[PDB]
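Every residue, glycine among them, receives a Cβ derived from its backbone with ideal geometry; neighbour counts consider all protein chains shown. What follows draws every value from the coordinates through simple rules; no lab data is involved.
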Amino acid sequence: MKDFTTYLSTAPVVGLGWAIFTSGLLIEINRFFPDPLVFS
Amino acid sequence: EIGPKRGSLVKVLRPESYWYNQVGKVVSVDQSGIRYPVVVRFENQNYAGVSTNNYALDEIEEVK
Amino acid sequence: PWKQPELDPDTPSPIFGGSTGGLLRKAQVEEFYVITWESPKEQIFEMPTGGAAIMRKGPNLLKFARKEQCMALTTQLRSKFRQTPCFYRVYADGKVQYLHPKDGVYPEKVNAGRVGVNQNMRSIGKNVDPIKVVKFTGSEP
Amino acid sequence: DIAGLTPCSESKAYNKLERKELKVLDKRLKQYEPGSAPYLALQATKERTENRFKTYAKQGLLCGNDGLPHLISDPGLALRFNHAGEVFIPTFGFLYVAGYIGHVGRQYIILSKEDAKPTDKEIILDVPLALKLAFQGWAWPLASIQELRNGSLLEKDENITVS
Amino acid sequence: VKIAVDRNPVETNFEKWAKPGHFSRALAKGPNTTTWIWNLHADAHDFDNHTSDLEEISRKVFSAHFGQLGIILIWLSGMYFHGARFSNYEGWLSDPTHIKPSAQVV
Amino acid sequence: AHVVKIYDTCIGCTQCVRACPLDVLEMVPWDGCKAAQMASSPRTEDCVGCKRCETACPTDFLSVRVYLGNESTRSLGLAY
Ligand code: CLA
Ligand code: CLA
Ligand code: CLA
Ligand code: CLA
Ligand SMILES: CC1=C(/C=C/C(C)=C/C=C/C(C)=C/C=C/C=C(C)/C=C/C=C(C)/C=C/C2=C(C)CCCC2(C)C)C(C)(C)CCC1
Ligand SMILES: CC1=C(/C=C/C(C)=C/C=C/C(C)=C/C=C/C=C(C)/C=C/C=C(C)/C=C/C2=C(C)CCCC2(C)C)C(C)(C)CCC1
Ligand SMILES: CC1=C(/C=C/C(C)=C/C=C\C(C)=C\C=C/C=C(C)/C=C\C=C(C)\C=C\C2=C(C)CCCC2(C)C)C(C)(C)CCC1
Ligand SMILES: CC1=C(/C=C/C(C)=C\C=C/C(C)=C/C=C/C=C(C)/C=C/C=C(C)/C=C/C2=C(C)CCCC2(C)C)C(C)(C)CCC1
Ligand code: SF4
Ligand code: SF4
């Protein structure tokens, strides 16, 4: 398990979790309060 | 003793070198009158892949 | 060496059917190179130009158009079969020149007879700028 | 108003563009049945389109002769004529986020280089450390001016030169 | 002609997943330049360069080919599935000429 | 007709001599190094300007440099 967690700490995997967060956050930020252009 | 101490860090002053104004460990020093006795080892590689090079007394100075 | 070995232009050649990488009109007109060596048995080796050939027990001789084609073969024989080849240079006039083991010892081993050539007593860099030699040739010499 | 631009509420081409974009959906809506899912999808798009146009008008935007909204960048005219949210305020929002990425990566680089084998820490990250710094960077401007006024931000001629 | 197998040659564990570049002697040292990264993804499946043994090269090849089949079969099953749940096959089947196919709803 | 100059930083590795195919580099004794060896370039007329030697040099910067210049039949590697 120590080696599995180490594999998960590689660059390709940590980047995959980052991408799901940033993309998931932005798509969710467009789904709610739809299509923003001016900021109030 | 002719030169810096074993295991002592020193800063390089060759303008040609990849390691210029950079720090490296002194691996050894020869006291037989050679022109470039001081052997130095750095962690960072150069462009070829070599991490050691023999420098001179005047070309090296104290750290930082 | 003790003495330069003169060329024996009539020695048996390897068993090789022929190819298209052989000699061209430059060889008869300008110069060509020939290599000699002595093998203990009958073996197979890769030629620089073309395919495979069979050596012959005893002296062997080839003819090439380039020095690199010859030295490429020495590196193969010295490594694979552990032999000691020697090659010459033949001009169109018939003159012959003995090139590679010119001292008898290969260049990667020191010998007392040799004299240094093109030896600058300075560090790389540390040489004059081109402006100082602007109107004649050479900043490195 | 400013720069010879009309507000989007008073413009005719702005409303012309609304009547056009809705007419495309109404024609597309005629094909399908009322209670079907394609009908619900197009009605939602109709609802979003009607909301996009009224919100841009309500926000005091400026529409040109073509009928499309234009943005203003000078903070003086933006603040004078109430157009600050367009560009002037988006600039501060981004800089806080951009600085956060810099202050975080700079700290992970410095701290891993204080240990043995920093090369391995780049390809195989220390995720507990990276998350720690990522949640400590909310006040990145304070640390920068703290590090500038102190002098431990910049290096001093211990860098490689070429000549 | 007969069957010939060697039992339990390799242990299965994630130890080498943590150590990239294990297959090559040069890469197992570790990275000091970013060129080590490009060489890694490139020399990964060049089994002939890893080792001189023809046997190991054969074991690696015969097992990697089993991967491409699994990769194909989930791809092929995806088309059947995506054609079942997100398509108009039953409608196209009754009027093929006028109706067009559609397996990718957005 | 290329130019090959070796500088004061040579350490007698012999890797330059082993590499260059055309036998344009040989080793000569010298008192400057630990190995008591130095290279030389007696026959540059046979230099093809491949520049393999410079690659062999394992010093911070090259003690052997091949300054390209005027060409010739031997330098251009022409079998014809
Ligand atoms: C061939 C060109 C080249 C290549 C291949 C690289 C490659 C790399 N560089 Mg780089 N670099 C280059 C040129 C190049 N560089 C040049 C020309 C310069 C100018 C000198 C730099 C300057 C530079 C700097 C200053 C840095 C790099 C770094 C890196 C590494 C970054 C890896 C990474 O992004 O971490 C992973 C990707 C991420 C997005 C990390 C995000 C982490 C977040 C906080 C995790 C949160 C997500 C969470 C864990 C998951 C939740 C998901 C859930 C919702 C499901 C990488 C190996 C960086 C490094 O050292 O690595 C750390 C570094 O700081 N480079
Ligand atoms: C399965 C296929 C696959 C693919 C497509 C990739 C693709 C990639 N790997 Mg890799 N990897 C794989 C398998 C794979 N890997 C395997 C089997 C291993 C052995 C465990 C590794 C181990 C490995 C290591 C050790 C490293 C990579 C790195 C990289 C990236 C190269 C660096 C770069 O160009 O961006 C340069 C990046 C910058 C200049 C700044 C960082 C910003 C990045 C782009 C954001 C993160 C992108 C994110 C990962 C994309 C999502 C993944 C994507 C494939 C869908 C690249 C995206 C390098 C890396 O740093 O990853 C990012 C790296 O160091 N991989
Ligand atoms: C902490 C990481 C980091 C930091 C603090 C900086 C900082 C800086 N960079 Mg830079 N750079 C980085 C990474 C980083 N870079 C990487 C990974 C690359 C390879 C793509 C580059 C390539 C690069 C170039 C070509 C240039 C700069 C330049 C600059 C300077 C101006 C800002 C800019 O526009 O850059 C550009 C910004 C990018 C190219 C985006 C970088 C990619 C992401 C967004 C940043 C990486 C964050 C890291 C992966 C996350 C690790 C966090 C950790 C906790 C895991 C500035 C001081 C410019 C300069 O020379 O200054 C005058 C310039 O020309 N950078
Ligand atoms: C009826 C006998 C038989 C059958 C049906 C197959 C079938 C197959 N062999 Mg094969 N083989 C056989 C005898 C057989 N072999 C014998 C006797 C030897 C040694 C003398 C070999 C040695 C051999 C090698 C070295 C390789 C194959 C490979 C393959 C696959 C190539 C995939 C392809 O391109 O086509 C179409 C693909 C398909 C139709 C997919 C079908 C997938 C299922 C699982 C096929 C299972 C049938 C299997 C042979 C029966 C045994 C299963 C049982 C022991 C549990 C294929 C499925 C290649 C491989 O490994 O594939 C990855 C490969 O490199 N075989
Ligand atoms: C093997 C391998 C790997 C893998 C990779 C991959 C595979 C990647 C990718 C991936 C992908 C490919 C991803 C994607 C993602 C995400 C997304 C894509 C998103 C999202 C979400 C959302 C947010 C949504 C929402 C929604 C909508 C849209 C509408 C409404 C409804 C719902 C809610 C659904 C790596 C290299 C890493 C590591 C090692 C090797
Ligand atoms: C929608 C809506 C809403 C709101 C929302 C929100 C949340 C907001 C926001 C937000 C934001 C915040 C947005 C934005 C904006 C932005 C923009 C608009 C941008 C831009 C860009 C720029 C400005 C740029 C420029 C330039 C150029 C052009 C060149 C140079 C470079 C530069 C970049 C500078 C509400 C609530 C009412 C509800 C209903 C609907
Ligand atoms: C406001 C505004 C404006 C104006 C502008 C101007 C005109 C100004 C400027 C400018 C300038 C003339 C500037 C200068 C200089 C700068 C500098 C010098 C900088 C910077 C940076 C640094 C120094 C660093 C940073 C960082 C990094 C990169 C990483 C680490 C950390 C930190 C974050 C710190 C406009 C209208 C356009 C638009 C709207 C807004
Ligand atoms: C063959 C194969 C496959 C395939 C795969 C694929 C094909 C994938 C993909 C995918 C894709 C192709 C995706 C895409 C995507 C995209 C995304 C996910 C996005 C995003 C992002 C964001 C978040 C944005 C943001 C923004 C806005 C909104 C505004 C401002 C600007 C920007 C742009 C920044 C599989 C694996 C299945 C299986 C095996 C085999
Ligand atoms: S390759 Fe360089 S260091 Fe080695 S013997 Fe020749 S000149 Fe000296
Ligand atoms: S240029 Fe080529 S042939 Fe001439 S000495 Fe250098 S490596 Fe040898």
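For chain C, find the longest principal axis of its Cα atoms and tell me its angle to the long axis of helix C:67-76, 0 to 90°, nearest 10. So the inclination is approximately 70 degrees.
In terms of its C-alpha gyration tensor, the stretch C:46-111 comes out oblate, because a/c is 1.5 or above while a/b does not outweigh b/c. I'd like the distance between the alpha-carbon centres of the stretch D:90-144 and the stretch E:36-56, rounded to an integer number of Å. Cα centroid to Cα centroid, the span is 35 Å. Within straight-line reach of C:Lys80, meaning a Cα separation under 15 Å, sit the following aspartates and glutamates at least 8 residues removed in sequence or on another chain: C:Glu38, C:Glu42, C:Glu46. Extent of the protein assembly as shown along its three principal axes (Cα atoms, max minus min coordinate, largest first): 106, 76, 60 Å. Shown here for the stretch D:73-148: trypsin sites (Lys or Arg not before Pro) in loop regions (DSSP other than H, G, I, E, B) with at most 16 other Cβ atoms within 10 Å, namely D:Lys113.
Evaluated with a Cβ-only charge set (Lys, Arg +1; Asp, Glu -1), chain B carries a dipole of roughly 160 debye about its Cα centre, given to the nearest 20. Summing Cβ point charges (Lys, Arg +1; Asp, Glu -1) relative to the Cα centre of the protein assembly as shown gives a dipole of roughly 460 debye. Of all segments of chain C bounded by trypsin sites (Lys or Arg not before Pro) found in a DSSP loop with no more than 14 other C-beta atoms within 10 Å, the longest spans C:4-40. For the options C:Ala52, C:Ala92, C:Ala112, a Gaussian network treatment of chain C with springs between C-alpha atoms closer than 10 Å singles out C:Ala112 as fluctuating the most.
Quick check on my link table: of B:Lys64/D:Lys113; E:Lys2/E:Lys60; C:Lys132/D:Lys156; D:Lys23/E:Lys100; B:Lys25/E:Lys16; A:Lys2/D:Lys132, which ones sit more than 28 Å apart, alpha carbon to alpha carbon? C:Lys132/D:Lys156; B:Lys25/E:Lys16, as the Cα separations exceed 28 Å there. Counting Cα-Cα pairs of the stretch D:9-159 in 10 Å increments starting at 0 gives whole-percent bin shares of 9, 21, 18, 16, 18, 14, 5, 0. Test of understanding: in a Gaussian network model of chain E with alpha carbons linked when under 10 Å, which of E:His65, E:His82, E:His45 would top the mean-square fluctuation ranking? Judging by the Gaussian network model, the answer is E:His82. Dipole of chain B computed with +1 at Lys/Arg Cβ and -1 at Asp/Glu Cβ about the Cα centre; of B:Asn54, B:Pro15, B:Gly33, farthest Cα towards the positive end is B:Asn54. Free of any chymotrypsin sites (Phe, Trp or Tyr not before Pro) that DSSP assigns to a loop and that have at most 11 other C-beta atoms within 10 Å, the longest stretch within chain C is C:3-135. Each other residue within a Cβ distance under 10 Å of B:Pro37 adds +1 if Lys or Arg and -1 if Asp or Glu, for a net charge of +1.
For a paramagnetic label modelled on B:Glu43 (point 7 Å from Cα along Cα→Cβ), amide N atoms under 16 Å away belong, within the stretch E:33-72, to E:33-34. Just to verify a number: FRET efficiency for D:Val127 and C:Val96, C-beta to C-beta distance, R0 = 51 Å, to 0.05? After rounding to 0.05, the efficiency reads 0.10. Where the centre of each part is set by its Cα atoms, how far does the stretch E:71-90 sit from the stretch F:1-18, in angstrom? Each part's Cα centre sits 66 Å from the other's. Among E:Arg7, E:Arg25, the ranking by other beta carbons within 10 Å of each residue's beta carbon, starting with the fewest, stands as E:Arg7, E:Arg25.
Seen against the Cα atoms of chain D and their longest principal axis, helix D:88-112 is set at about 30 degrees.
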